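Undergrad: Input file: final-v5.txt. Contents: compact mmCIF, N, CA and C atoms.
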# COMPACT_ATOMS: atom_id res chain seq x y z
N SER A 22 3.51 -17.95 39.94
CA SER A 22 4.05 -16.59 40.05
C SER A 22 3.32 -15.61 39.18
N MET A 23 3.44 -14.34 39.52
CA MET A 23 2.89 -13.34 38.69
C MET A 23 3.66 -13.26 37.35
N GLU A 24 4.98 -13.50 37.38
CA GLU A 24 5.79 -13.44 36.14
C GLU A 24 5.26 -14.55 35.12
N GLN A 25 4.99 -15.74 35.66
CA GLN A 25 4.49 -16.87 34.84
C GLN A 25 3.19 -16.52 34.20
N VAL A 26 2.30 -15.87 34.93
CA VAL A 26 1.04 -15.35 34.37
C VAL A 26 1.23 -14.33 33.24
N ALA A 27 2.19 -13.41 33.45
CA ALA A 27 2.45 -12.33 32.46
C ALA A 27 2.97 -12.96 31.15
N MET A 28 3.85 -13.95 31.32
CA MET A 28 4.40 -14.72 30.19
C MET A 28 3.28 -15.45 29.47
N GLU A 29 2.39 -16.06 30.25
CA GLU A 29 1.23 -16.72 29.66
C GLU A 29 0.27 -15.79 28.93
N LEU A 30 0.11 -14.56 29.42
CA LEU A 30 -0.73 -13.59 28.75
C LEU A 30 -0.10 -13.18 27.38
N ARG A 31 1.21 -12.99 27.37
CA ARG A 31 2.03 -12.68 26.14
C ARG A 31 1.81 -13.82 25.13
N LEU A 32 1.93 -15.07 25.57
CA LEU A 32 1.72 -16.25 24.68
C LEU A 32 0.30 -16.28 24.14
N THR A 33 -0.68 -15.97 24.97
CA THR A 33 -2.04 -15.91 24.54
C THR A 33 -2.27 -14.85 23.52
N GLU A 34 -1.66 -13.69 23.71
CA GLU A 34 -1.83 -12.63 22.75
C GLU A 34 -1.07 -12.96 21.41
N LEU A 35 0.05 -13.62 21.51
CA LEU A 35 0.76 -14.06 20.25
C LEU A 35 -0.15 -15.02 19.50
N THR A 36 -0.80 -15.92 20.26
CA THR A 36 -1.69 -16.92 19.70
C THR A 36 -2.83 -16.24 19.00
N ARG A 37 -3.39 -15.15 19.61
CA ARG A 37 -4.41 -14.32 18.94
C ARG A 37 -3.94 -13.78 17.62
N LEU A 38 -2.74 -13.25 17.61
CA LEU A 38 -2.23 -12.60 16.40
C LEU A 38 -1.92 -13.68 15.33
N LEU A 39 -1.28 -14.77 15.73
CA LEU A 39 -1.04 -15.94 14.80
C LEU A 39 -2.33 -16.54 14.27
N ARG A 40 -3.43 -16.52 15.03
CA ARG A 40 -4.68 -17.01 14.46
C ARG A 40 -5.17 -16.13 13.33
N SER A 41 -5.10 -14.81 13.49
CA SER A 41 -5.44 -13.89 12.46
C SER A 41 -4.48 -14.08 11.22
N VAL A 42 -3.18 -14.19 11.49
CA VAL A 42 -2.23 -14.50 10.38
C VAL A 42 -2.62 -15.80 9.65
N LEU A 43 -2.93 -16.85 10.39
CA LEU A 43 -3.27 -18.14 9.79
C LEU A 43 -4.48 -18.00 8.90
N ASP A 44 -5.46 -17.19 9.35
CA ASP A 44 -6.68 -17.03 8.57
C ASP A 44 -6.43 -16.32 7.29
N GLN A 45 -5.61 -15.30 7.35
CA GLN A 45 -5.24 -14.52 6.21
C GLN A 45 -4.43 -15.38 5.21
N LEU A 46 -3.51 -16.20 5.70
CA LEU A 46 -2.74 -17.08 4.77
C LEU A 46 -3.62 -18.12 4.12
N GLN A 47 -4.52 -18.72 4.88
CA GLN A 47 -5.34 -19.73 4.35
C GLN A 47 -6.34 -19.17 3.31
N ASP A 48 -6.71 -17.90 3.42
CA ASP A 48 -7.53 -17.30 2.37
C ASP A 48 -6.83 -17.20 1.04
N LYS A 49 -5.50 -17.18 1.06
CA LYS A 49 -4.70 -17.24 -0.14
C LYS A 49 -4.60 -18.63 -0.78
N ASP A 50 -5.38 -19.56 -0.24
CA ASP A 50 -5.48 -20.96 -0.76
C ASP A 50 -6.93 -21.27 -0.97
N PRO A 51 -7.54 -20.57 -1.96
CA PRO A 51 -9.00 -20.79 -2.06
C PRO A 51 -9.41 -22.15 -2.60
N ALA A 52 -8.47 -22.83 -3.29
CA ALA A 52 -8.72 -24.20 -3.74
C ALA A 52 -8.63 -25.27 -2.60
N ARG A 53 -8.20 -24.85 -1.40
CA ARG A 53 -8.05 -25.76 -0.25
C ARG A 53 -7.06 -26.89 -0.48
N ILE A 54 -6.06 -26.61 -1.31
CA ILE A 54 -5.04 -27.59 -1.61
C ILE A 54 -4.20 -27.93 -0.36
N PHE A 55 -4.10 -26.94 0.53
CA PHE A 55 -3.19 -27.10 1.69
C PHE A 55 -3.95 -27.24 3.02
N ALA A 56 -5.26 -27.39 2.94
CA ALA A 56 -6.08 -27.46 4.09
C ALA A 56 -5.91 -28.62 5.02
N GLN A 57 -5.57 -29.80 4.45
CA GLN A 57 -5.50 -31.01 5.25
C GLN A 57 -4.18 -31.77 4.95
N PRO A 58 -3.79 -32.70 5.83
CA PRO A 58 -2.63 -33.55 5.49
C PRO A 58 -2.77 -34.32 4.24
N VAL A 59 -1.70 -34.41 3.49
CA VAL A 59 -1.65 -35.36 2.36
C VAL A 59 -2.05 -36.75 2.91
N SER A 60 -3.08 -37.34 2.29
CA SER A 60 -3.57 -38.68 2.65
C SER A 60 -2.58 -39.85 2.31
N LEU A 61 -2.16 -40.63 3.30
CA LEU A 61 -1.24 -41.71 3.09
C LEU A 61 -1.99 -42.88 2.54
N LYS A 62 -3.33 -42.88 2.66
CA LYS A 62 -4.10 -43.88 1.89
C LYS A 62 -4.02 -43.60 0.42
N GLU A 63 -4.21 -42.35 -0.01
CA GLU A 63 -4.12 -41.93 -1.43
C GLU A 63 -2.71 -41.67 -2.09
N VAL A 64 -1.73 -41.34 -1.24
CA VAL A 64 -0.33 -41.17 -1.65
C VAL A 64 0.54 -42.02 -0.71
N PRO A 65 0.50 -43.39 -0.88
CA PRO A 65 1.15 -44.28 0.08
C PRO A 65 2.66 -44.14 0.19
N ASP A 66 3.33 -43.65 -0.84
CA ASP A 66 4.78 -43.42 -0.80
C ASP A 66 5.16 -42.03 -0.21
N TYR A 67 4.19 -41.24 0.27
CA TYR A 67 4.52 -39.80 0.52
C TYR A 67 5.73 -39.63 1.49
N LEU A 68 5.76 -40.42 2.56
CA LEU A 68 6.77 -40.24 3.59
C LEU A 68 8.16 -40.71 3.15
N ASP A 69 8.23 -41.44 2.03
CA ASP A 69 9.50 -41.71 1.41
C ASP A 69 10.11 -40.45 0.79
N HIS A 70 9.25 -39.51 0.42
CA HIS A 70 9.63 -38.28 -0.27
C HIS A 70 9.76 -37.13 0.74
N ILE A 71 8.77 -36.96 1.58
CA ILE A 71 8.62 -35.78 2.44
C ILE A 71 8.74 -36.25 3.91
N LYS A 72 9.80 -35.77 4.54
CA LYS A 72 10.05 -36.22 5.91
C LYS A 72 9.28 -35.52 7.01
N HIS A 73 8.85 -34.26 6.77
CA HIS A 73 8.12 -33.51 7.76
C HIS A 73 6.85 -32.89 7.03
N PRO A 74 5.83 -33.73 6.82
CA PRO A 74 4.57 -33.21 6.24
C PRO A 74 3.95 -32.08 7.08
N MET A 75 3.24 -31.17 6.40
CA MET A 75 2.60 -30.09 7.12
C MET A 75 1.37 -29.66 6.32
N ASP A 76 0.45 -29.02 6.99
CA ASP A 76 -0.79 -28.54 6.34
C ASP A 76 -1.51 -27.56 7.30
N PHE A 77 -2.51 -26.84 6.82
CA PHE A 77 -3.11 -25.84 7.65
C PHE A 77 -3.89 -26.40 8.85
N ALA A 78 -4.52 -27.57 8.73
CA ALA A 78 -5.22 -28.13 9.90
C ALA A 78 -4.28 -28.51 11.02
N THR A 79 -3.12 -29.05 10.65
CA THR A 79 -2.11 -29.45 11.60
C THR A 79 -1.59 -28.18 12.28
N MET A 80 -1.38 -27.09 11.54
CA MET A 80 -0.92 -25.85 12.15
C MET A 80 -1.94 -25.30 13.17
N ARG A 81 -3.21 -25.42 12.81
CA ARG A 81 -4.28 -24.90 13.63
C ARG A 81 -4.34 -25.68 14.95
N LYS A 82 -4.13 -26.98 14.89
CA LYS A 82 -4.09 -27.82 16.12
C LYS A 82 -2.95 -27.33 17.04
N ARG A 83 -1.77 -27.15 16.48
CA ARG A 83 -0.65 -26.61 17.27
C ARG A 83 -0.94 -25.21 17.80
N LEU A 84 -1.52 -24.38 17.00
CA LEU A 84 -1.80 -23.01 17.40
C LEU A 84 -2.74 -22.99 18.61
N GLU A 85 -3.81 -23.77 18.53
CA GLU A 85 -4.83 -23.77 19.60
C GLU A 85 -4.39 -24.42 20.89
N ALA A 86 -3.35 -25.24 20.87
CA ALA A 86 -2.70 -25.68 22.04
C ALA A 86 -1.64 -24.66 22.51
N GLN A 87 -1.67 -23.42 21.98
CA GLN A 87 -0.54 -22.46 22.19
C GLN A 87 0.86 -23.04 22.02
N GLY A 88 1.06 -23.84 20.94
CA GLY A 88 2.27 -24.50 20.70
C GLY A 88 3.30 -23.75 19.83
N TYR A 89 2.97 -22.52 19.40
CA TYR A 89 3.96 -21.65 18.74
C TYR A 89 4.49 -20.58 19.78
N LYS A 90 5.75 -20.70 20.13
CA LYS A 90 6.35 -19.74 21.13
C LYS A 90 6.71 -18.39 20.54
N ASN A 91 6.92 -18.33 19.23
CA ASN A 91 7.38 -17.12 18.54
C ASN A 91 6.93 -17.25 17.05
N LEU A 92 6.98 -16.15 16.33
CA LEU A 92 6.59 -16.15 14.92
C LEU A 92 7.50 -17.04 14.08
N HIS A 93 8.79 -17.11 14.39
CA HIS A 93 9.73 -17.98 13.65
C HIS A 93 9.23 -19.44 13.56
N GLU A 94 8.78 -19.99 14.68
CA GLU A 94 8.22 -21.37 14.73
C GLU A 94 7.00 -21.55 13.77
N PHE A 95 6.11 -20.56 13.75
CA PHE A 95 4.93 -20.54 12.93
C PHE A 95 5.36 -20.45 11.46
N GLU A 96 6.26 -19.53 11.16
CA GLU A 96 6.77 -19.46 9.76
C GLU A 96 7.44 -20.71 9.29
N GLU A 97 8.17 -21.40 10.17
CA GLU A 97 8.80 -22.67 9.83
C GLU A 97 7.77 -23.68 9.25
N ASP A 98 6.64 -23.79 9.95
CA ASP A 98 5.56 -24.70 9.58
C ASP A 98 4.94 -24.20 8.26
N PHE A 99 4.69 -22.89 8.12
CA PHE A 99 4.17 -22.41 6.81
C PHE A 99 5.11 -22.71 5.65
N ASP A 100 6.38 -22.50 5.86
CA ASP A 100 7.34 -22.77 4.81
C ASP A 100 7.36 -24.28 4.48
N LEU A 101 7.13 -25.17 5.44
CA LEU A 101 7.05 -26.60 5.17
C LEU A 101 5.92 -26.93 4.21
N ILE A 102 4.80 -26.28 4.45
CA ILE A 102 3.65 -26.52 3.53
C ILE A 102 4.06 -26.27 2.09
N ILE A 103 4.70 -25.11 1.84
CA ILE A 103 5.08 -24.68 0.50
C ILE A 103 6.19 -25.55 -0.04
N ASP A 104 7.25 -25.68 0.77
CA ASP A 104 8.44 -26.36 0.30
C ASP A 104 8.21 -27.85 0.02
N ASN A 105 7.39 -28.51 0.82
CA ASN A 105 7.05 -29.95 0.66
C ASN A 105 6.36 -30.09 -0.72
N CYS A 106 5.40 -29.19 -0.97
CA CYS A 106 4.64 -29.25 -2.23
C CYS A 106 5.49 -29.03 -3.44
N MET A 107 6.43 -28.07 -3.37
CA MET A 107 7.27 -27.73 -4.51
C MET A 107 8.31 -28.83 -4.79
N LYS A 108 8.56 -29.69 -3.81
CA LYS A 108 9.46 -30.82 -4.07
C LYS A 108 8.66 -32.03 -4.63
N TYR A 109 7.54 -32.37 -4.02
CA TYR A 109 6.78 -33.57 -4.43
C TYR A 109 6.13 -33.43 -5.78
N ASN A 110 5.68 -32.21 -6.08
CA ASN A 110 4.96 -31.96 -7.33
C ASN A 110 5.81 -31.26 -8.34
N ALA A 111 5.67 -31.53 -9.63
CA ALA A 111 6.42 -30.86 -10.67
C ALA A 111 5.94 -29.48 -10.94
N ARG A 112 6.80 -28.68 -11.53
CA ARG A 112 6.47 -27.31 -11.93
C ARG A 112 5.19 -27.08 -12.71
N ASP A 113 4.82 -28.01 -13.58
CA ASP A 113 3.67 -27.89 -14.44
C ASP A 113 2.32 -28.32 -13.80
N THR A 114 2.26 -28.41 -12.49
CA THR A 114 1.09 -28.95 -11.85
C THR A 114 0.33 -27.85 -11.14
N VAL A 115 -0.98 -28.07 -10.97
CA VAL A 115 -1.79 -27.11 -10.22
C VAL A 115 -1.33 -27.02 -8.77
N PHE A 116 -0.80 -28.13 -8.23
CA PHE A 116 -0.29 -28.14 -6.87
C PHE A 116 0.89 -27.22 -6.68
N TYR A 117 1.91 -27.41 -7.52
CA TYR A 117 3.12 -26.56 -7.44
C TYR A 117 2.74 -25.10 -7.58
N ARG A 118 1.91 -24.83 -8.60
CA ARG A 118 1.54 -23.45 -8.90
C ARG A 118 0.79 -22.83 -7.74
N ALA A 119 -0.04 -23.63 -7.09
CA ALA A 119 -0.79 -23.14 -5.91
C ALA A 119 0.18 -22.73 -4.80
N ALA A 120 1.21 -23.55 -4.60
CA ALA A 120 2.21 -23.23 -3.61
C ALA A 120 2.95 -21.94 -3.92
N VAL A 121 3.34 -21.74 -5.19
CA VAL A 121 4.04 -20.52 -5.54
C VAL A 121 3.17 -19.29 -5.19
N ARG A 122 1.90 -19.36 -5.57
CA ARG A 122 0.97 -18.26 -5.35
C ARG A 122 0.71 -17.99 -3.86
N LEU A 123 0.65 -19.07 -3.10
CA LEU A 123 0.54 -18.96 -1.61
C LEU A 123 1.76 -18.34 -0.99
N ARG A 124 2.96 -18.74 -1.42
CA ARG A 124 4.19 -18.16 -0.96
C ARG A 124 4.23 -16.64 -1.25
N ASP A 125 3.91 -16.29 -2.47
CA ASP A 125 4.03 -14.91 -2.91
C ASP A 125 3.06 -14.00 -2.18
N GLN A 126 1.82 -14.47 -2.08
CA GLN A 126 0.78 -13.73 -1.40
C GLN A 126 0.97 -13.72 0.10
N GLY A 127 1.49 -14.80 0.67
CA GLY A 127 1.65 -14.88 2.12
C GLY A 127 2.76 -14.00 2.63
N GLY A 128 3.76 -13.75 1.77
CA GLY A 128 4.94 -12.92 2.10
C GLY A 128 4.55 -11.57 2.62
N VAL A 129 3.53 -10.98 1.99
CA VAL A 129 3.01 -9.65 2.33
C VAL A 129 2.44 -9.64 3.78
N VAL A 130 1.68 -10.68 4.09
CA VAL A 130 1.00 -10.86 5.38
C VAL A 130 2.07 -11.07 6.45
N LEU A 131 3.04 -11.92 6.13
CA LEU A 131 4.09 -12.23 7.11
C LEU A 131 5.04 -11.07 7.39
N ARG A 132 5.28 -10.25 6.37
CA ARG A 132 6.09 -9.05 6.56
C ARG A 132 5.50 -8.11 7.62
N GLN A 133 4.17 -7.89 7.61
CA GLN A 133 3.56 -6.99 8.57
C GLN A 133 3.37 -7.69 9.93
N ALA A 134 3.14 -9.00 9.92
CA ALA A 134 3.10 -9.76 11.14
C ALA A 134 4.36 -9.63 11.94
N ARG A 135 5.51 -9.69 11.29
CA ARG A 135 6.78 -9.55 11.97
C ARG A 135 6.93 -8.16 12.61
N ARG A 136 6.54 -7.14 11.87
CA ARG A 136 6.54 -5.79 12.43
C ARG A 136 5.66 -5.71 13.69
N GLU A 137 4.44 -6.31 13.65
CA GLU A 137 3.49 -6.29 14.79
C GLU A 137 3.98 -7.07 16.01
N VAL A 138 4.58 -8.23 15.76
CA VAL A 138 5.14 -9.00 16.84
C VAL A 138 6.25 -8.23 17.56
N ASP A 139 7.19 -7.67 16.81
CA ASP A 139 8.25 -6.77 17.34
C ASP A 139 7.67 -5.50 18.01
N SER A 140 6.75 -4.85 17.31
CA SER A 140 6.11 -3.61 17.80
C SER A 140 5.42 -3.83 19.17
N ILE A 141 4.37 -4.66 19.22
CA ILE A 141 3.67 -5.01 20.49
C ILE A 141 4.56 -5.79 21.49
N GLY A 142 5.66 -6.38 21.02
CA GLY A 142 6.57 -7.17 21.86
C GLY A 142 6.02 -8.57 22.05
How does the structure come out when it is put into structure tokens?
TA:
Amino acid sequence: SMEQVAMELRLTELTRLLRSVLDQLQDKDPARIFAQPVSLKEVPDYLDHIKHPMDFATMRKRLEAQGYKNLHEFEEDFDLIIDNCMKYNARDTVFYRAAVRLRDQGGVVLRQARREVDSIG
């Protein structure tokens, strides 16, 4: 149908905008702490602690399959990255601190993203 195509074009354009958001958030992680999944070879107990691991490469795979239907879904995954880290790592660690700084800096980007998603529809 033509309606199905129009819906698909909307999803494609959301995917465009989420890719730009993802790039901007990942620049706020210059140490690349959140770039890849926590290695289960190197942290063998991780899944005992963290039930839904997340990282920027995993988000990018979902994004490129157009697997985010709305900004809420994308933010859910970003918040997992931060929240998983702040639970597994203690306050005094470079990991925890990196997450706090990513959260704080990403907030600004996500605030305007929400306006753009609503604005463009």
Undergrad: Find the spatial neighbours of stretch 30-32 of chain A, counting only C-alpha atoms, within a cut-off of 9 Å - ignore same-chain residues fewer than 2 positions away - and output them as number ranges by chain.
TA: A: 25-28, 34-37, 87, 89-91, 142
Undergrad: Quick check, in Å to one decimal: how far apart do atom C of residue A:68 and atom N of residue A:105 lie?
TA: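 About the pair atom C of residue A:68 and atom N of residue A:105: they are 12.4 Å apart.
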Undergrad: Between A:119, A:103, A:130, A:75, which has the minimum distance to residue A:46 (counting all atoms listed in the file)?
TA: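 Checking each of A:119, A:103, A:130, A:75 against residue A:46, counting all atoms listed in the file, the winner is A:130.
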Undergrad: I'd like the interatomic distance between atom C of residue A:111 and atom N of residue A:48, to a tenth of an Å.
TA: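 Straight-line distance from atom C of residue A:111 to atom N of residue A:48 works out to 22.4 Å.
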Undergrad: Just checking: using only N, CA and C atoms, which residue out of A:76, A:24, A:125, A:69 ends up closest to residue A:102?
TA: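 Of all the options, A:76 lies closest to residue A:102.
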Undergrad: How many Å lie between atom N of residue A:54 and atom N of residue A:73, rounded to one decimal?
TA: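 Atom N of residue A:73 lies at a distance of 18.6 Å from atom N of residue A:54.
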Undergrad: Compute the distance from (-0.8, -13.6, -0.2) to each atom, counting all atoms listed in the file, keep the residues with any atom at most 8 Å away, and return them as a list in words; use the coordinates of the file.
TA: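 Within 8 Å of (-0.8, -13.6, -0.2), the protein and nucleic acid residues are residues 45, 46, 48, 49, 50, 122, 123, 124, 125, 126, 127, 128, 129, 130 and 131 of chain A.
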Undergrad: Nearest to residue A:57 among A:78, A:107, A:43, A:38, with distances taken over all atoms listed in the file: which residue is it?
TA: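 Closest candidate: A:78.
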Undergrad: Among the residues of stretch 31-142 of chain A, find those DSSP assigns to alpha helix (DSSP H) from the backbone and print them as number ranges by chain.
TA: A: 31-48, 67-70, 77-85, 92-109, 115-141
Undergrad: Ranking A:29, A:132, A:77, A:39 by minimum distance to residue A:92 and counting only C-alpha atoms, which one comes first?
TA: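 Among the listed residues, A:39 lies closest to residue A:92.
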Undergrad: Specify the axis-aligned box that encloses all atoms of stretch 23-42 of chain A listed in the file after padding of 8 Å on each side, stating its centre and edge lengths in Å to one decimal as JSON.
TA:
{"center_x": 0.2, "center_y": -14.7, "center_z": 24.6, "size_x": 27.2, "size_y": 20.7, "size_z": 45.9}
Undergrad: For a quick check of understanding, using all atoms listed in the file, which of A:118, A:136, A:81, A:93 has the smallest distance to residue A:40?
TA: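 When distances to residue A:40 are compared using all atoms listed in the file, the smallest one comes from A:81.
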